[PDB]
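Colleague: PDB, C-alpha atoms, file upload_15.pdb:
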ATOM      1  CA  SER A   3       7.296   5.528   2.865
ATOM      2  CA  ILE A   4       7.688   1.801   2.867
ATOM      3  CA  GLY A   5       6.133   1.568   6.322
ATOM      4  CA  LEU A   6       3.023   3.468   5.198
ATOM      5  CA  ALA A   7       2.747   1.099   2.153
ATOM      6  CA  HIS A   8       2.881  -1.882   4.549
ATOM      7  CA  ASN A   9       0.309  -0.417   6.963
ATOM      8  CA  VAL A  10       2.752  -0.404   9.853
ATOM      9  CA  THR A  11       1.050  -0.037  13.256
ATOM     10  CA  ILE A  12       2.929   0.574  16.532
ATOM     11  CA  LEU A  13       1.543  -0.203  19.964
ATOM     12  CA  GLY A  14       2.644  -0.810  23.521
ATOM     13  CA  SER A  15       5.853   0.383  25.117
ATOM     14  CA  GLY A  16       9.115  -1.128  26.325
ATOM     15  CA  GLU A  17      12.805  -1.575  25.701
ATOM     16  CA  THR A  18      12.203  -4.652  23.520
ATOM     17  CA  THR A  19      10.204  -4.659  20.311
ATOM     18  CA  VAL A  20       8.118  -7.564  19.126
ATOM     19  CA  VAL A  21       7.420  -7.599  15.361
ATOM     20  CA  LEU A  22       4.387  -9.544  14.194
ATOM     21  CA  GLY A  23       4.362 -10.799  10.601
ATOM     22  CA  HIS A  24       1.269 -12.506   9.261
ATOM     23  CA  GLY A  25       1.253 -15.412   6.852
ATOM     24  CA  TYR A  26      -0.295 -16.145   3.482
ATOM     25  CA  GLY A  27      -3.903 -15.143   3.052
ATOM     26  CA  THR A  28      -4.203 -13.089   6.224
ATOM     27  CA  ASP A  29      -3.161  -9.603   7.366
ATOM     28  CA  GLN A  30      -2.013  -8.051  10.658
ATOM     29  CA  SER A  31      -5.539  -8.450  12.052
ATOM     30  CA  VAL A  32      -4.714 -12.127  12.547
ATOM     31  CA  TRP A  33      -2.774 -11.133  15.695
ATOM     32  CA  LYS A  34      -5.725  -9.443  17.411
ATOM     33  CA  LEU A  35      -5.944 -11.969  20.287
ATOM     34  CA  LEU A  36      -2.187 -12.038  20.947
ATOM     35  CA  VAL A  37      -1.704  -8.264  21.206
ATOM     36  CA  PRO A  38      -3.383  -7.816  24.598
ATOM     37  CA  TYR A  39      -0.808 -10.104  26.191
ATOM     38  CA  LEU A  40       2.099  -8.082  24.774
ATOM     39  CA  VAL A  41       1.013  -4.443  25.060
ATOM     40  CA  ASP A  42       2.037  -3.886  28.665
ATOM     41  CA  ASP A  43       5.484  -5.484  28.315
ATOM     42  CA  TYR A  44       6.751  -4.729  24.793
ATOM     43  CA  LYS A  45       6.614  -2.262  21.985
ATOM     44  CA  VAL A  46       4.874  -4.061  19.125
ATOM     45  CA  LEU A  47       5.231  -3.400  15.381
ATOM     46  CA  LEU A  48       2.652  -4.956  13.065
ATOM     47  CA  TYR A  49       2.752  -4.806   9.272
ATOM     48  CA  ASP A  50       1.113  -6.274   6.184
ATOM     49  CA  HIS A  51       3.279  -7.972   3.603
ATOM     50  CA  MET A  52       3.104  -6.543   0.088
ATOM     51  CA  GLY A  53       0.187  -8.019  -1.825
ATOM     52  CA  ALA A  54      -2.108  -8.449   1.196
ATOM     53  CA  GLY A  55      -5.529  -7.125   0.226
ATOM     54  CA  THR A  56      -5.024  -4.152   2.509
ATOM     55  CA  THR A  57      -2.045  -2.964   0.413
ATOM     56  CA  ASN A  58      -2.060  -0.951  -2.808
ATOM     57  CA  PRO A  59      -1.857  -3.173  -5.903
ATOM     58  CA  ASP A  60       0.211  -0.523  -7.687
ATOM     59  CA  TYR A  61       3.109  -1.396  -5.338
ATOM     60  CA  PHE A  62       3.068  -5.120  -6.096
ATOM     61  CA  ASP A  63       6.131  -5.982  -8.233
ATOM     62  CA  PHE A  64       5.405  -9.357  -9.846
ATOM     63  CA  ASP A  65       9.141  -9.946 -10.422
ATOM     64  CA  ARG A  66      10.241  -9.283  -6.844
ATOM     65  CA  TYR A  67       7.416 -11.119  -5.145
ATOM     66  CA  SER A  68       7.767 -14.272  -7.257
ATOM     67  CA  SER A  69      10.494 -15.318  -4.900
ATOM     68  CA  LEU A  70      10.592 -14.974  -1.100
ATOM     69  CA  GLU A  71      13.742 -12.840  -0.976
ATOM     70  CA  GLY A  72      11.787  -9.761  -2.006
ATOM     71  CA  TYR A  73       9.798 -10.078   1.186
ATOM     72  CA  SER A  74      12.961 -10.478   3.264
ATOM     73  CA  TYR A  75      14.512  -7.347   1.769
ATOM     74  CA  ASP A  76      11.273  -5.447   2.347
ATOM     75  CA  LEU A  77      11.255  -6.632   5.957
ATOM     76  CA  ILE A  78      14.706  -5.176   6.547
ATOM     77  CA  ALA A  79      13.626  -1.806   5.192
ATOM     78  CA  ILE A  80      10.583  -1.669   7.401
ATOM     79  CA  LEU A  81      12.606  -2.478  10.539
ATOM     80  CA  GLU A  82      15.128   0.191   9.546
ATOM     81  CA  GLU A  83      12.496   2.852   8.868
ATOM     82  CA  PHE A  84      11.258   2.532  12.451
ATOM     83  CA  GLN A  85      14.795   2.018  13.754
ATOM     84  CA  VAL A  86      14.183  -1.511  15.037
ATOM     85  CA  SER A  87      17.061  -3.687  16.241
ATOM     86  CA  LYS A  88      17.368  -6.988  18.107
ATOM     87  CA  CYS A  89      13.624  -7.561  17.760
ATOM     88  CA  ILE A  90      11.571 -10.598  18.714
ATOM     89  CA  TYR A  91      10.091 -11.550  15.321
ATOM     90  CA  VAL A  92       6.941 -13.653  15.334
ATOM     91  CA  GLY A  93       5.878 -14.984  11.956
ATOM     92  CA  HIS A  94       3.516 -17.443  10.380
ATOM     93  CA  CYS A  95       4.635 -19.655   7.513
ATOM     94  CA  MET A  96       6.171 -17.644   4.680
ATOM     95  CA  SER A  97       6.805 -14.642   6.895
ATOM     96  CA  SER A  98       8.776 -16.639   9.357
ATOM     97  CA  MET A  99      10.940 -17.959   6.544
ATOM     98  CA  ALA A 100      11.280 -14.448   5.137
ATOM     99  CA  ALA A 101      12.565 -13.275   8.474
ATOM    100  CA  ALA A 102      14.958 -16.198   8.712
ATOM    101  CA  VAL A 103      16.470 -15.257   5.356
ATOM    102  CA  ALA A 104      16.532 -11.569   6.379
ATOM    103  CA  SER A 105      18.392 -12.530   9.549
ATOM    104  CA  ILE A 106      21.310 -13.980   7.520
ATOM    105  CA  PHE A 107      21.900 -10.524   6.062
ATOM    106  CA  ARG A 108      21.033  -8.543   9.183
ATOM    107  CA  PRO A 109      21.420 -10.642  12.332
ATOM    108  CA  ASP A 110      21.657  -7.352  14.255
ATOM    109  CA  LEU A 111      17.979  -6.749  13.598
ATOM    110  CA  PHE A 112      16.782 -10.009  15.249
ATOM    111  CA  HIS A 113      17.102 -11.296  18.811
ATOM    112  CA  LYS A 114      15.055 -14.385  18.063
ATOM    113  CA  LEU A 115      12.555 -15.751  15.519
ATOM    114  CA  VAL A 116       9.278 -17.355  16.667
ATOM    115  CA  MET A 117       7.972 -19.361  13.699
ATOM    116  CA  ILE A 118       4.385 -20.681  13.505
ATOM    117  CA  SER A 119       3.981 -23.523  11.038
ATOM    118  CA  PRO A 120       7.118 -22.918   8.966
ATOM    119  CA  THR A 121       8.228 -24.900   5.978
ATOM    120  CA  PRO A 122      11.279 -24.430   3.779
ATOM    121  CA  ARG A 123       9.892 -26.523   0.881
ATOM    122  CA  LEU A 124       6.585 -28.067  -0.066
ATOM    123  CA  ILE A 125       7.617 -30.311  -2.978
ATOM    124  CA  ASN A 126       8.920 -33.738  -2.254
ATOM    125  CA  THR A 127      12.256 -35.101  -3.416
ATOM    126  CA  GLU A 128      13.755 -38.591  -2.941
ATOM    127  CA  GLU A 129      15.433 -37.363   0.262
ATOM    128  CA  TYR A 130      12.924 -34.750   1.604
ATOM    129  CA  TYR A 131       9.157 -34.983   2.284
ATOM    130  CA  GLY A 132       7.339 -31.655   2.104
ATOM    131  CA  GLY A 133       3.855 -33.016   1.548
ATOM    132  CA  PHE A 134       3.294 -32.264  -2.128
ATOM    133  CA  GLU A 135       4.244 -34.146  -5.318
ATOM    134  CA  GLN A 136       5.651 -32.186  -8.220
ATOM    135  CA  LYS A 137       3.598 -33.794 -10.996
ATOM    136  CA  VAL A 138       0.309 -33.283  -9.100
ATOM    137  CA  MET A 139       1.251 -29.687  -8.235
ATOM    138  CA  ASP A 140       1.950 -29.092 -11.924
ATOM    139  CA  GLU A 141      -1.609 -30.146 -12.864
ATOM    140  CA  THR A 142      -3.180 -28.073 -10.124
ATOM    141  CA  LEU A 143      -1.228 -24.925 -10.929
ATOM    142  CA  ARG A 144      -1.963 -25.169 -14.640
ATOM    143  CA  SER A 145      -5.596 -24.153 -13.989
ATOM    144  CA  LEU A 146      -5.050 -22.149 -10.783
ATOM    145  CA  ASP A 147      -6.022 -18.771 -12.163
ATOM    146  CA  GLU A 148      -9.513 -19.699 -13.329
ATOM    147  CA  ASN A 149     -10.092 -21.899 -10.290
ATOM    148  CA  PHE A 150      -8.563 -19.824  -7.510
ATOM    149  CA  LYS A 151     -11.667 -19.319  -5.414
ATOM    150  CA  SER A 152     -13.110 -22.814  -5.916
ATOM    151  CA  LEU A 153      -9.791 -24.585  -5.196
ATOM    152  CA  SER A 154      -9.143 -22.351  -2.189
ATOM    153  CA  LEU A 155     -12.631 -22.885  -0.727
ATOM    154  CA  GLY A 156     -12.490 -26.556  -1.466
ATOM    155  CA  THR A 157      -9.209 -27.081   0.375
ATOM    156  CA  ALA A 158      -9.566 -24.560   3.191
ATOM    157  CA  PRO A 159     -11.460 -26.751   5.679
ATOM    158  CA  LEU A 160      -8.652 -29.344   5.641
ATOM    159  CA  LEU A 161      -5.931 -26.627   5.536
ATOM    160  CA  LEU A 162      -7.401 -24.913   8.612
ATOM    161  CA  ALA A 163      -8.873 -28.070  10.200
ATOM    162  CA  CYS A 164     -12.189 -26.381  10.753
ATOM    163  CA  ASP A 165     -15.627 -26.434   9.303
ATOM    164  CA  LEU A 166     -16.484 -24.411   6.205
ATOM    165  CA  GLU A 167     -19.238 -22.561   8.189
ATOM    166  CA  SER A 168     -16.968 -21.740  11.195
ATOM    167  CA  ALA A 169     -15.987 -18.245  12.399
ATOM    168  CA  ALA A 170     -12.339 -19.054  11.739
ATOM    169  CA  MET A 171     -13.098 -20.023   8.152
ATOM    170  CA  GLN A 172     -15.178 -16.918   7.531
ATOM    171  CA  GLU A 173     -12.274 -14.801   8.844
ATOM    172  CA  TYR A 174      -9.607 -16.533   6.745
ATOM    173  CA  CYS A 175     -11.692 -16.317   3.594
ATOM    174  CA  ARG A 176     -12.405 -12.621   4.192
ATOM    175  CA  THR A 177      -8.717 -11.763   3.960
ATOM    176  CA  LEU A 178      -7.770 -14.425   1.401
ATOM    177  CA  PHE A 179     -10.329 -13.148  -1.084
ATOM    178  CA  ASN A 180      -9.367  -9.538  -0.314
ATOM    179  CA  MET A 181      -6.204 -10.049  -2.366
ATOM    180  CA  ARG A 182      -6.440  -9.042  -6.007
ATOM    181  CA  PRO A 183      -6.718 -12.262  -8.013
ATOM    182  CA  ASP A 184      -3.546 -11.887 -10.064
ATOM    183  CA  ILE A 185      -1.569 -10.996  -6.952
ATOM    184  CA  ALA A 186      -3.006 -13.952  -5.044
ATOM    185  CA  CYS A 187      -1.948 -16.275  -7.821
ATOM    186  CA  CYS A 188       1.575 -14.867  -7.896
ATOM    187  CA  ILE A 189       2.064 -15.311  -4.165
ATOM    188  CA  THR A 190       0.550 -18.792  -4.317
ATOM    189  CA  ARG A 191       2.957 -19.883  -7.033
ATOM    190  CA  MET A 192       5.857 -18.446  -5.081
ATOM    191  CA  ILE A 193       4.962 -20.519  -2.013
ATOM    192  CA  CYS A 194       4.443 -23.654  -4.034
ATOM    193  CA  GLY A 195       7.925 -23.264  -5.530
ATOM    194  CA  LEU A 196       9.872 -22.512  -2.346
ATOM    195  CA  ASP A 197      13.175 -24.140  -1.623
ATOM    196  CA  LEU A 198      14.874 -22.390   1.255
ATOM    197  CA  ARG A 199      16.911 -25.382   2.311
ATOM    198  CA  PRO A 200      20.213 -23.881   1.104
ATOM    199  CA  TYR A 201      19.855 -20.983   3.544
ATOM    200  CA  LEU A 202      19.157 -22.913   6.715
ATOM    201  CA  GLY A 203      22.686 -23.652   7.847
ATOM    202  CA  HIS A 204      23.524 -20.006   7.577
ATOM    203  CA  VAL A 205      20.700 -18.857   9.907
ATOM    204  CA  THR A 206      22.307 -18.232  13.300
ATOM    205  CA  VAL A 207      19.764 -16.355  15.350
ATOM    206  CA  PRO A 208      17.737 -18.496  17.752
ATOM    207  CA  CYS A 209      14.628 -20.079  16.223
ATOM    208  CA  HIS A 210      11.488 -21.219  18.057
ATOM    209  CA  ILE A 211       9.489 -23.592  15.873
ATOM    210  CA  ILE A 212       5.812 -23.966  16.794
ATOM    211  CA  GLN A 213       3.779 -26.558  14.900
ATOM    212  CA  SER A 214       0.408 -28.254  14.852
ATOM    213  CA  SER A 215       0.469 -32.004  15.379
ATOM    214  CA  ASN A 216      -1.418 -32.376  12.088
ATOM    215  CA  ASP A 217      -0.994 -29.790   9.324
ATOM    216  CA  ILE A 218      -1.546 -30.746   5.685
ATOM    217  CA  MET A 219       0.978 -28.122   4.589
ATOM    218  CA  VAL A 220       3.690 -29.034   7.134
ATOM    219  CA  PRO A 221       4.537 -32.646   7.838
ATOM    220  CA  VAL A 222       5.411 -32.932  11.534
ATOM    221  CA  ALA A 223       8.975 -34.059  10.687
ATOM    222  CA  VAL A 224       9.713 -30.727   9.016
ATOM    223  CA  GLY A 225       9.996 -29.201  12.499
ATOM    224  CA  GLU A 226      12.590 -31.749  13.566
ATOM    225  CA  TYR A 227      14.365 -31.162  10.260
ATOM    226  CA  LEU A 228      14.429 -27.410  10.844
ATOM    227  CA  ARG A 229      16.191 -28.093  14.156
ATOM    228  CA  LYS A 230      18.813 -30.342  12.574
ATOM    229  CA  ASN A 231      19.640 -27.943   9.728
ATOM    230  CA  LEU A 232      19.389 -24.421  11.183
ATOM    231  CA  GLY A 233      22.787 -23.007  12.047
ATOM    232  CA  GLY A 234      21.968 -21.564  15.431
ATOM    233  CA  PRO A 235      20.104 -22.808  18.494
ATOM    234  CA  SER A 236      16.527 -23.929  18.014
ATOM    235  CA  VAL A 237      13.557 -25.333  19.919
ATOM    236  CA  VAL A 238      10.684 -27.369  18.449
ATOM    237  CA  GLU A 239       7.241 -27.427  20.105
ATOM    238  CA  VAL A 240       4.498 -29.524  18.556
ATOM    239  CA  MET A 241       1.120 -28.491  19.958
ATOM    240  CA  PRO A 242      -2.081 -30.498  20.463
ATOM    241  CA  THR A 243      -3.695 -28.559  17.630
ATOM    242  CA  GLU A 244      -4.672 -29.303  14.058
ATOM    243  CA  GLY A 245      -4.488 -27.022  11.068
ATOM    244  CA  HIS A 246      -2.032 -24.684   9.384
ATOM    245  CA  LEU A 247      -3.259 -21.501  11.179
ATOM    246  CA  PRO A 248      -3.553 -22.643  14.801
ATOM    247  CA  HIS A 249      -3.171 -19.061  16.040
ATOM    248  CA  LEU A 250      -6.401 -18.261  14.192
ATOM    249  CA  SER A 251      -8.385 -21.469  14.710
ATOM    250  CA  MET A 252      -7.186 -22.663  18.128
ATOM    251  CA  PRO A 253      -6.043 -19.558  20.013
ATOM    252  CA  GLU A 254      -6.838 -20.973  23.472
ATOM    253  CA  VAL A 255      -4.009 -23.522  22.960
ATOM    254  CA  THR A 256      -1.748 -21.570  20.647
ATOM    255  CA  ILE A 257      -1.516 -18.121  22.250
ATOM    256  CA  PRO A 258      -0.054 -19.393  25.517
ATOM    257  CA  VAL A 259       2.573 -21.330  23.549
ATOM    258  CA  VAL A 260       3.502 -18.334  21.408
ATOM    259  CA  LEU A 261       3.705 -16.172  24.510
ATOM    260  CA  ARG A 262       6.075 -18.531  26.215
ATOM    261  CA  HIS A 263       8.419 -18.487  23.222
ATOM    262  CA  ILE A 264       8.280 -14.688  23.044
ATOM    263  CA  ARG A 265       8.895 -14.240  26.751
ATOM    264  CA  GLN A 266      11.528 -16.939  27.356
ATOM    265  CA  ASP A 267      14.880 -17.052  25.582
ATOM    266  CA  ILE A 268      16.806 -20.235  24.896
ATOM    267  CA  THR A 269      20.125 -18.309  24.859
ATOM    268  CA  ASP A 270      22.006 -15.978  27.324
TER     269      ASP A 270
END
Let me see the structure of the file written as structure tokens.

Modeller:
Amino acid sequence: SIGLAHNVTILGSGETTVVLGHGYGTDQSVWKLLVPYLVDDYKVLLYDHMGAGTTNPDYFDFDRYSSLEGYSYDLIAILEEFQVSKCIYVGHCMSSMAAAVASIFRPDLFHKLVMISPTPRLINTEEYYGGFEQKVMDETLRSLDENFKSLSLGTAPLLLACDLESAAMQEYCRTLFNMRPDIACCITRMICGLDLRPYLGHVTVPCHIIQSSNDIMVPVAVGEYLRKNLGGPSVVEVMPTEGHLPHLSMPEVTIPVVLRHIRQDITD
């Protein structure tokens, strides 16, 4: 079953289901500090996206997972398998964008989207600043495969905004390097090539955008942009955190913020 292949875990109890979708380089273990604050009030569904190191490499389709849509379609199937409707979806980076795309096709499945550090496009254009220049990205990606570990280690302290020897770093690297190398490179290239901007106006479910004040992968203005271009109601909350995985590195600040967005609707 697709849910078995995605390591679906179900906990808690309640009329409303919260779905937790981890971001690049992590797995559902990233949510371990949030869960205790949900278990008494909600049913919670956790899953691993295909290609996480905890998933079977034989199920990784390099054609489907070279664009984000494959993840969105897979998300729908998982929610259907466990008969999940009008969920509160909480995602980090790519998973939040995957859910946003999914919600265009199946708005019935989503009550709201809570999005940690989302970005619809990394590469800069004349009109849009994503934080990365095409010609530099082209050089970096040309030698990505042979340099995956060294490039990833070398950048991770600034990506996470924490020291190379920190507990948060050790945890991130544990899951990042759990991915099979070819799979990791495929997912990395997919993220680097994202352009979800054409979808945004067609997203109508409520979106809660949670950002760090400084994130090398998400310029702070991307949050304000998300608000201006999403088709439904949205809220933007910039936190006094640094780093792209503030739920991992700064949970004392980030968990209370995430909880507020889960618990409090901006509609009805």

Colleague: How would you write, as an MDAnalysis selection string, the residues chosen by the PyMOL selection byres ((chain A and resi 222) around 12) on this structure?

Modeller: chainID A and resid 119:121 131:133 211:221 223:228 238:246

Colleague: Got a sec: who's within 8 Å of residue 249 in chain A, counting all atoms listed in the file, leaving out chain neighbours fewer than 3 positions off, as a PDB file with C-alpha atoms, keeping the file's coordinate frame?

Modeller:
ATOM      1  CA  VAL A  32      -4.714 -12.127  12.547  1.00  0.00           C
ATOM      2  CA  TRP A  33      -2.774 -11.133  15.695  1.00  0.00           C
ATOM      3  CA  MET A 252      -7.186 -22.663  18.128  1.00  0.00           C
ATOM      4  CA  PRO A 253      -6.043 -19.558  20.013  1.00  0.00           C
ATOM      5  CA  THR A 256      -1.748 -21.570  20.647  1.00  0.00           C
ATOM      6  CA  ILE A 257      -1.516 -18.121  22.250  1.00  0.00           C
TER       7      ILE A 257
END

Colleague: Starting from the shown file, work through the PyMOL selection byres ((chain A and resi 125) around 7) and note down what comes out as a count of residues only.

Modeller: 9

Colleague: Suppose you want the space between CA of residue 143 in chain A and CA of residue 96 in chain A; what is it in Å?

Modeller: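 Going from CA of residue 143 in chain A over to CA of residue 96 in chain A covers 18.7 Å.
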
Colleague: My list of candidates is A:145, A:85, A:97, A:31. Which is closest to residue 70 in chain A when distances are computed with only C-alpha atoms?

Modeller: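 Distance minimum relative to residue 70 in chain A lands on A:97.
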
Colleague: Name the residues captured by the PyMOL selection byres ((chain A and resi 28) around 10) when it is applied to the shown file; answer as a list in words.

Modeller: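 Checked against the file, the PyMOL selection byres ((chain A and resi 28) around 10) matches residues 23, 24, 25, 26, 27, 29, 30, 31, 32, 33, 50, 51, 54, 55, 56, 94, 173, 174, 175, 176, 177, 178, 179, 180, 181, 247 and 250 of chain A.
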
Colleague: Please provide the set of residues having any atom within 7 Å of residue 46 in chain A, restricted to only C-alpha atoms, with same-chain residues fewer than 6 positions apart removed, written as a ChimeraX atom specification.

Modeller: /A:12-14,19-21

Colleague: Of the candidates A:162, A:78, A:189, A:232, which shows the shortest atom-to-atom distance to residue 63 in chain A, using all atoms listed in the file?

Modeller: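 Using all atoms listed in the file, residue 63 in chain A sits closest to A:189.
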
Colleague: Point out the residue among A:22, A:202, A:259, A:193 with the least atom-to-atom distance to residue 139 in chain A, counting only C-alpha atoms.

Modeller: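 Smallest separation from residue 139 in chain A among the options: A:193.
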
Colleague: Choose the residue, out of A:194, A:171, A:77, A:6, that has the smallest atom-to-atom separation from residue 159 in chain A; count all atoms listed in the file.

Modeller: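 Distance minimum relative to residue 159 in chain A lands on A:171.
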